[PDB]
């Protein structure tokens, strides 16, 4: 059996949700995302793999008096977007980048209700910022920055030990994207990857090194 959904406090106003899935060819994969609290409102940063876990996650917060204001998905793969269909059915606003919605469409998946283009997008003014560093893990990957906490949710772009599945990756672009990310959020207090433990700004350097190595190995 898979472990259950976990929800744990990370910082004042920020929780990490971890879900688990058996992935063909990769084994059991943990997935971290965040929940961010602003007053009595909650924002989901990435959805769990399944509608079932998305509902569990939402219910956990609703029980504690929060209203679910929005969800943002970091990239098109299912481990960031699997709960979109369910959230949309409940009229909970969902957000994704234009590129993400286009990839969802092409992949036969329900799109986020709201989208944005460009490099910086403020989901919540002064509190939650979405940044696009360029193609890497996927063409559309974005990160989420909480300036009040200096916490960067790097999602599936942050790959400190190895790049993982390159099926949708842009190996030529990843190093330039990773350098841009590291120069932008080099002062991060915490960096939260999708598939490995929370770390400090060093995870940005390691991702860059891995991207550079991967490109070299590809040539």
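So that the term is clear: the rigid core is the largest set of C-alpha atoms that superpose within 1.5 Å between two forms. Residue numbers count along the first chain shown, from 1.
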Practice problem: Name the stretch, 63 to 71 or 22 to 30, whose C-alpha atoms sit farther from the shown form on average in 8 other deposited structures of this protein, taking the rigid core as the superposition reference. | Solution: 22 to 30
Quiz prompt | Mean C-alpha temperature factor, higher of 154 to 162 and 55 to 63 | solution = 154 to 162
Practice problem: May I ask you to compare 19 to 27 and 199 to 207 by their mean CA B factor in the entry and name the higher one? | Solution: 19 to 27
Exercise. From the list 77, 125, 149, 109, select the residue with the highest C-alpha B factor recorded in the entry.
Key: 125
Practice problem: By the entry's C-alpha temperature factors, tell me which of 84, 92, 104, 119 sits highest. | Solution: 119
Quiz item: Ranked by Cα temperature factor within the chain, is residue 191 in the lowest third, the middle third or the highest third?
Solution: middle
Quiz item: In terms of the chain's CA B-factor thirds, is residue 46 lowest, middle or highest?
Solution: lowest
Quiz prompt | Lowest, middle or highest third - CA B-factor, residue 72 | solution = highest
